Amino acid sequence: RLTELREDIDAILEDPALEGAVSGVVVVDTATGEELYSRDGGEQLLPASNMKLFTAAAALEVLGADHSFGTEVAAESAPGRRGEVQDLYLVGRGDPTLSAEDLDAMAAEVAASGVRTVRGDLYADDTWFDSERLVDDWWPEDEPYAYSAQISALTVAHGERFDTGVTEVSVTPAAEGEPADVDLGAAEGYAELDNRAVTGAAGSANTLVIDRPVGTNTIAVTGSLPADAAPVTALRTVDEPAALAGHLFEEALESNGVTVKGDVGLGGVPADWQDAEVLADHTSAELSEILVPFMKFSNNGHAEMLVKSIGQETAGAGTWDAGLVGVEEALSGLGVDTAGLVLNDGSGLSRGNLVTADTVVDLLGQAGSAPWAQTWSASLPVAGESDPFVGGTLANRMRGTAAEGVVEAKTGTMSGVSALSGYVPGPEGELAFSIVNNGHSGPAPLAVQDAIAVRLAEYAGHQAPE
């Protein structure tokens, strides 16, 4: 029975899609610790987004399932009879899920506290983290896209997925020959527009490009939207997430009757304030809840914020340097052997990251008997599950197969790197597996990843639902 399985997995790895590819494959029955499969379990490989497994584990260890994040508004002193304060400070402390609406709720609190005029400047304070926005080796041609958003302590999160530091751009065709209409979303009056996009003849070719040219804050739109095309929308990153948080907050104060006479800028709360008057605050949901939209959709912004939050917890330094030492420690503390790990970021985006697959499986072991096991395993995408907040990055994979509704795993794909790692729970035993692929040159071996995962779910004692 165990011998049959071993051969099958051999055959699934004969796939011509894994040509020129090193491939780490490890499976461990978790109730015994018996190794069911190993091939190159100790080869170091880029993990892409599976690196998040490591980050998420550390965040629960260091910050707690119970941990929550805060944002505050501060003046040097409370307002008086005339309802005047000088400078105002929006201070964010690494909340990954802060909305425009939470900003509006805070704006109303500022109004309900009796401020009617900010006479000075409004300052965006994100100094709870350092201002290194990007990891060193992340690719500049990549910076305009959501998963590559700049990192900050004070970032406005968009939508129910809480994609941070981005705005939504919408492009609507007009009459043929006229400029397309461009809508910059949140970032209106913040980010510059360069619109060269035009409406083309009805049923012509869509050639629309939406860019943020490197090292600018300008949204350059080019190409031709067909008169009859549906409205196009895209999430693009902005430069300086906090500053936009600031912008959006002035707008909210205006909408809540509180006038600003000054400027909106980056600024830290001065040291020489004696006892700041906190005029408004917001608390995020708890980590265990935030884990869900982070892990299901693989949120890179969240990953890195989390790392910088670990560096604040273990050292009081919202820094990649400190947080990464933080994660390594936490994993070690977990009983994980971190010899093969090289940690260069929390999202997996960096090509300096390295893992081995024994290591990943190891992590899955330890995190499995952890006090916070259920909140951990509940954040993993569940194969074939159509509801986006259950399925996640596995929603439209392994449908109609024994894997559907059972296999919980994290995904991870970029050029030449793909990974799948997680649990196959079943009647037989709760299995834990890791599949990491490097070298391959065509499409990502998702078929292969699937084949294995589906075999395991059967080995564990599941049948395809029909």
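We number the residues from 1 along the sequence you see. The term rigid core refers to the maximal set of C-alpha atoms that superpose within 1.5 Å between the two forms.
Per-stretch RMS Cα distance to the displayed form in 9 other deposited structures of this protein, following rigid core alignment, is highest for 422-430 when 422-430 and 61-69 are compared. As listed in the deposited structure, the average C-alpha B-factor of 341-349 and of 384-392 is greater for 384-392. Averaged over Cα atoms, the B-factor as recorded in the entry is higher for 107-115 than for the other of 107-115 and 219-227. In the PDB entry, the Cα temperature factor peaks, among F297, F162, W372, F129, at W372. Each of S255, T71, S148, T319 has a CA temperature factor in the record; the biggest one is found at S255.
When the modelled residues of the chain are ordered by C-alpha B-factor, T237 sits in the lowest third. Per-chain ranking of the deposited C-alpha B factor places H247 in the middle third. For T207, the recorded CA temperature factor ranks within the middle third of the chain's modelled residues. Sort the chain's modelled residues by C-alpha temperature factor and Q86 lands in the highest third, per the entry.
Per the deposited record, the Cα B-factor of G268 falls in the middle third when ranked against the other modelled residues of its chain.
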